[PDB]
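In order of appearance the chains are A, B, C, D, E, F, G, H, I and J, and numbering begins at 1 in each one.
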Amino acid sequence: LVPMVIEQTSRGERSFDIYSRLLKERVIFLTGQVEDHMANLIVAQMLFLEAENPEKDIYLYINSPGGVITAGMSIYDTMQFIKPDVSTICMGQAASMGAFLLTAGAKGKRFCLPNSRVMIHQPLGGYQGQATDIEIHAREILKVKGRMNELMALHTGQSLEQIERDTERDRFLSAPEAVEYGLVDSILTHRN
Amino acid sequence: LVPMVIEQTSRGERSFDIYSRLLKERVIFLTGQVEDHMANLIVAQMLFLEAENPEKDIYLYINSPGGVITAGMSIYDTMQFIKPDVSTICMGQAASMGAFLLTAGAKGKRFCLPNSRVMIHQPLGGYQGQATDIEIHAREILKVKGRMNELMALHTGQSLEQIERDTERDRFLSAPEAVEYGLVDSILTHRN
Amino acid sequence: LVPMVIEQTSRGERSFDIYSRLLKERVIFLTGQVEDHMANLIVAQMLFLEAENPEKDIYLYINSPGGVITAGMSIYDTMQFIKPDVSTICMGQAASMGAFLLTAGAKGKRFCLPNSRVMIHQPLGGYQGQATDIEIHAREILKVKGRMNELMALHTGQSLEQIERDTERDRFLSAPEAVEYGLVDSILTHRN
Amino acid sequence: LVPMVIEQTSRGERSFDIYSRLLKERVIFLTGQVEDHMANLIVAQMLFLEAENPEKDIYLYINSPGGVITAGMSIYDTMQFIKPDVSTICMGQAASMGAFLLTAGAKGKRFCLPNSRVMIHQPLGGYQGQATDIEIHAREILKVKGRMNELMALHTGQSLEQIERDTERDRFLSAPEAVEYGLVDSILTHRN
Amino acid sequence: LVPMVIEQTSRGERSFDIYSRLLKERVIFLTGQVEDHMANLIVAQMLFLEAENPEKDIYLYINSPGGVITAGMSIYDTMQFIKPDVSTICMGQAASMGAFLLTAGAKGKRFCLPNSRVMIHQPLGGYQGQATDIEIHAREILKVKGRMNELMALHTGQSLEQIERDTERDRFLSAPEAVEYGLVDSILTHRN
Amino acid sequence: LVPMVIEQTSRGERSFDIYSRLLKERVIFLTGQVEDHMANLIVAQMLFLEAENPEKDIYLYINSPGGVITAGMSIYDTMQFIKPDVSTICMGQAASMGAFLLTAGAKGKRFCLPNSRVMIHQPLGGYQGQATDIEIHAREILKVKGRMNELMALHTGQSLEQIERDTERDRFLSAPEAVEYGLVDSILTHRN
Amino acid sequence: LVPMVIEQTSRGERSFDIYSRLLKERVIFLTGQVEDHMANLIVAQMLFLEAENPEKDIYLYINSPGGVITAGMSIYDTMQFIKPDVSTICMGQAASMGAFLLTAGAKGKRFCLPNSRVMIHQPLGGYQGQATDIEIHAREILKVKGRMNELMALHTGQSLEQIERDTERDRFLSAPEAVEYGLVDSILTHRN
Amino acid sequence: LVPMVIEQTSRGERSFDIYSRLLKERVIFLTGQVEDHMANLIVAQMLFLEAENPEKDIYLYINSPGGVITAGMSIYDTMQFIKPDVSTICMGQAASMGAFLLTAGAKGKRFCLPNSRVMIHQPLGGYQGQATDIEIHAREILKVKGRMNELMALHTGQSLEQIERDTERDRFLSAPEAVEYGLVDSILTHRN
Amino acid sequence: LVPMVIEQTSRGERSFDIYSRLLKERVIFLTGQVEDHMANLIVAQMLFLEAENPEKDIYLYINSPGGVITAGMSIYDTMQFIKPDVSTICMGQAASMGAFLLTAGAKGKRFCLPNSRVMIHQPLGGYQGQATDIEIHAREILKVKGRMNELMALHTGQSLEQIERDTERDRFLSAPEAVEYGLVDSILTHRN
Amino acid sequence: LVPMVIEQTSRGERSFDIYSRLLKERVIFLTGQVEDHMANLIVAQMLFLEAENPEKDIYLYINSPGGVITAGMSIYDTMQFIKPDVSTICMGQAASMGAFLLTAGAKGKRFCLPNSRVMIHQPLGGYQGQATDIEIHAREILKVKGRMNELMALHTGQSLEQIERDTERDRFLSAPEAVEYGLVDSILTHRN
């Protein structure tokens, strides 16, 4: 169930959803596995917010255990295309795709809660069929792995070699570790 | 089915849901297993209530058998971030995650019903794969266990060593026991 | 869940859906597998947009892993029938059907995000029954394969022989590769 | 999800569905398998359109892999009963029932997209029980096959003998082949 | 999905459903298997129409493969109880229960489409248990069979003996055959 | 598994299974549900024992919870056909069919253990189909019930009305009660 | 399991199973559903007995609920082909296929137990597919039904028309009734 | 369960299975679905019989509904490879594969029982995958159909066109019809 | 269920199985999917036959749709290691793994029946996991494909490039075609 | 099934299964997944062979995709405990456990076929439960990984660090590669 909220404006009362109300404040939620439908939905919200005000920052809360890579790329590409700075905030946890989108936020506007966790790992996949087909798919995933590592190094500031070594196996980083690793910028403990 | 209520205001009648109506009074319900979607929904409500009035206390009724830890951390972090004091009330029962959020409320504003039960235990998890991967996940869950114990001791006021011994196995505490254990502040028997 | 947006017009406020709001701006989403219902839905949107303004271009974001061929042909035929130029944008990935529709857009108005992937392969199918029926179905799919290759060569500009060789097995092309291959026109990195 | 459209009329704005909006323009969609519920729904639309204006032609887009025969007969009978000429348009594909309804449209108003496919085959069925019951059902389906062939010849203009030979096994016809076979009238390549 | 229609009345516009709109014109649809819920729904519509105008005829389109007998009796009894003449129209097909209700319409107002089929057969049933219980249920179904035959003869005008012989096994009758058999009155080929 | 025993017969030493060893002594076991396969096995054993000595008594242990009547009737006919008398001993349970075979033993040779349960009930059956088929099976099951009641009265000695009245529902009779009812002749407590 | 028995002969003592022991005396058991595997087993036994002694009659105990017609026909042809007369005895029950084989024994050597039940019905089948192929199967089942009735009439002695009327629906015949109908020659009640 | 038989010989006593005993007489049983495992068993028996005596005919009883084509051809080639004449006898039924093997026997040694069904139809197959793979399998199944038709014509003596026309769809042939068609040489109704 | 055979020798009567009897003649059957268990059984048989007579040739009939590559390679290595020349006969079919073993026989001893199909395709595999693991498995299968092609080229005599192109996709061959390709060197039409 | 072989001896002929016959020659087969049950058979066979001749070598054929570590360790300990040198031959493949046993053979007596693959990887496990139990099981598997690496290093002769780095992920080795690594000592291509 989604609670209903009311907005008191000069024009009059307006019924809004908890998620819809926050959207009006330039807040987007990225929850659950990253799939095509949910990812496509986030893309629409970003475009709508840009048209309303291409100068105000967009906040994207990330709490997901990761998901499809192609779906995440659409979100990543959209964030880098729209002029507004997409401020990413990590709540609960951030998996490979969640962490990738978390670090993809505007420099200096990537935050993570003190108890939030972050996990980074190489792409997962597989294929069944003839040897020729396996080689084609094997090369494709390898290219995705290389492309993902390059982007992570660009945003995190770490060397490509270091990212590859750390991404060979699941790596868990807490909020303080993410800051030192360049994955995020600061931590939000209390409201000032 | 969710019953519909009516609010008689000077402006006019307004159709509201039983849960939505209480939300307008700064009341949030945390029912069922703690997952990402439900936890994310609660986070939105807390942020919305803070914007409406960052000085009025927020009430969070807890009745759940526990759930994911990462999801609970987001709620815990949000509670410690928003200026309003989140008053946690335990109804029915409070599991490990429910108890953790219950004790995370503002000091002196944590209540529990006389017949409510509270259960605290160490984190649960598991992994299947290579030995190297098992070690990585084993260390991650251990860190979460240590982090959870530190937070419990901070809010409950007990020593870290005492929390570890009590959390080694499921521990059931009634309302009077929770008060003496520092998990809660008082009990709500009748309205004064 | 689909967030609700508000449009501030001189006539007054209007409640709109995230997808419906974008539709008002001549934007169509093609997400998920290409089936009859989803494809039929897209056809209706194209016809509605043409009636509203047969001179303004139509934007069709493509993010799908492909699907039925007959369903895609309806979309392809509708795009080539309506006077407005259908600008196809690739987000995330474009499978055989997604790539076919992506390249079917108006010349010079086919875009792809920098991290988007494109996959092209020959038609997939099969039939169980008598040998006589198998031959009929085998010939039918072969004709579809030939027809698809001819259309791909027409839009991509490549020779029919080259398309057949490249479509024999799954072929993955990135944004820069698609531009050189003639599948797309340019790339959208940042908003100018 | 069904997008919502807005109709700007002198009376005022009106919220409409993508399918409902087209229905107001005398456009009916026949998608998915031909069952009793969907077929019954189409019958209601035809009757409603006839009452609104029994002189304006009705457009029926056909994109279905076929279905029940009894359900299709209701649609076919309704089309031949209402005074308005039902213009049938084939999008994607037209199976035995889809093709039967496609050719049942008003003479000279049956269209098919250039890439649309058409398949025609004899009725499919079966029964399990006593030999006496099998004979009754076997005769019934045979009568339906004969009746279907007669109607196909009437609309297509081909000889009854030719239809029987072509319908013995699945026959696939493209848009140009359908025109020469008399199944359709013309092709819609581009809007003039 | 159920399309939405608009009714242009002097009072103003009114949003209506395709089925609801036809109901306002004294038209009832009987689709799918005859169960208790659907049958009960039809009973309510008949009562509502009678109150609105107990002098105008009621149209009941029948397209169903048959179903429960007790459910059909409620519809049959309601039709014979309300003063308005219930005009039954067969679309697609009419099974044992559908045929029974089709012939139960007012004399001279029972129509069937040219391509509609009609099937009549004896009641179907079964029971598992003690021999004493089997005899009770066996007698009950036999009584229902006799009662059904008597009603069919009364409406069809045929002799009770003839109905029993024809109902022993499934009997398929086309529109012309139904007219000669007394099951219907005339056929609706084209609107005059 | 079944243990193997050795018999020190004259001229040699042979090893036979426990069941085969008892069969050589004119002992037959009737365990489990009564079916055609097990019933034929018992019939074969009874016929074989008749050849070795058509005068020595045959023993048949009954510990079955009942089963198919047709399968059981085959044993009853064999018991009353072969010249050797069949002594039935009830061990454990004896349902309708099991009890029927228990009473089929020769007069004065029907025994029962002290702690044994005998349950007699009317035939259990069921059929689903046309009303005509229901009557055919309904009549047959009733005839079988009457036939079994007549046989029960003949062996037990109770009046036909008493058997029918007592067989309407399950009737549990202990060992001493079975003797009074006439199902068995005596009870075997200890060797004397 | 299957008990083992010892047979005394000039050579010495030989161990035989219950079924194999009775096979020496030219006794074949036909139990359970009639299928190709069990049918071939009976055919092999009949041929083996013919070679051992082509002048001694063969006894076939029939206790089955029916089965495949083709499998049963293999046994019927073998019984009529082999010179030795085949004596059929009905134990428990004899369904359509079982009854057909029961009446297929040598005239005068067909017996039935007093409580045995014989049921005869027309062939049952079914086919799912096109209208052309279903007609082939629907026409073949009728030929089998006609051929089956002709053989039944020849062995029973009743007119072909009478067999068709009685075989239209399931008909149960008791041991005495089977004698009058001609399915059996006499009834075996006791050994004399 | 297969009964055991004893073969009395001057040398001594010996035990054999029902099928093993007939194997010594150069008799092979082909029952059930045709597959590689059962086919190999038949091939092994043929090779064993050839080694024992290559100048004696081998009798093969065919009763099966057909099966895999490769498994069936493995038996057909073995029959022609071994010099001993392989006599084929049809019992019960002989489907496509069974009929092919039935007619593959040595000329003048193909027999069929009076009541036996013979069905011949084109090969059945199916494949799912890329269009290129469909053509490979589609062409192979067509070649198998042509190869089998050629062999059928050679054994039956019919023309190639006649076999193709009759084999296009299932064709049931009775024992007398099989003689005229050439599938068999004579019918064995009684032993002389 | 396998038949038993008797071998006559000076020692006395000896019982054998159909497959065991043919083993004495140096005949091995390869049927069903190739797996480790069945492969080890063939390896043991080959080693056993070598000890009895390391000079006589072994006949390995191949009829299988292929299987595991590792299991097949164990048989290939054993055949090449043992001094005796293994003669391979293809009956029914020979897939990739089956065809590889068929062509692995000694020169001039690789036979094929007149009606048999040979399929040669590249190895099939698949893996799910991290990108690093996929590359390892993807590269491993490629080595197997290359190694397999080299072995087939050596035995068939074709060039390595020719084998790679022909094995890139499924390729079916007949008995005569296999001779020209080099898989076999003769066809066993009739025993000479 | 497993074939039977006859061994010629001075006393007379004896019948043994294929596997038992090779057991007398000090040959043990290790096929399929390694488990406790199959492991005991190998352990029992190895112990039995030691008593027969504690001086002759024992041959163990390894062809399996690994298995349980505890079950495999029982074989390794038994292999090292028994005085006779155990020669291990790799046929088909040898996974982690299979490879460990392959390299555990006596020095200079470890062989592998020319076409075989050897795979080595770290132990795979997994446990779900309380965090405290995860650490216990996580540490246990780590000890096994370290213990197995030490044993493999000792047999292969390589440094412990090299084994850890190479065994960190799945590693496939061919016959010549295994010799260089140290898993095997020679390759058996042909019998000299």
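Following the convention adopted for this analysis, a residue touches a chain if its C-beta (ideal position, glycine included) is under 8 Å from a C-beta of that chain, and two chains touch if they have at least 3 such contacts.
Which protein is which chain? UniProt says A, B, C, D, E, F, G, H, I, J = ATP-dependent Clp protease proteolytic subunit.
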{"item": "Minimum number of chain-to-chain touching steps separating subunit D from subunit H", "value": "2"}
{"item": "Option reproducing the contacts of H-I, where over half of them reappear, out of G-H, C-H or B-J", "value": "G-H"}
{"item": "Whole-Å gap between the CA centroids of subunit A and subunit D", "value": "47"}
{"item": "Rounded Å distance between subunit D and subunit I, as computed from the means of their C-alpha atoms", "value": "55"}
{"item": "Rounded Å distance, subunit A centre to subunit H centre (Cα mean)", "value": "67"}
{"item": "Touching two or more other chains - residue numbers and ranges from subunit D", "value": "2, 19, 132, 137, 144"}
{"item": "Subunit B partner contacts - residues on subunit J that touch it in the complex", "value": "121-132, 134-135, 137-138, 141-142, 144-145, 168"}
{"item": "Parts of subunit B lying in touch with subunit A, wherever the complex brings them together", "value": "2, 11, 14, 16-17, 19-20, 23-24, 36-37, 39-41, 43-45, 47-48, 50-51, 54, 70-74, 76-78, 80-83, 132-133, 136-137, 139-140, 143-144, 147, 151"}
{"item": "Sites on subunit I touched by subunit H in the complex", "value": "1-6, 13, 18-19, 21-22, 25, 27, 29, 31-32, 61, 63-65, 91-93, 113-117, 169-172, 174, 188-191"}
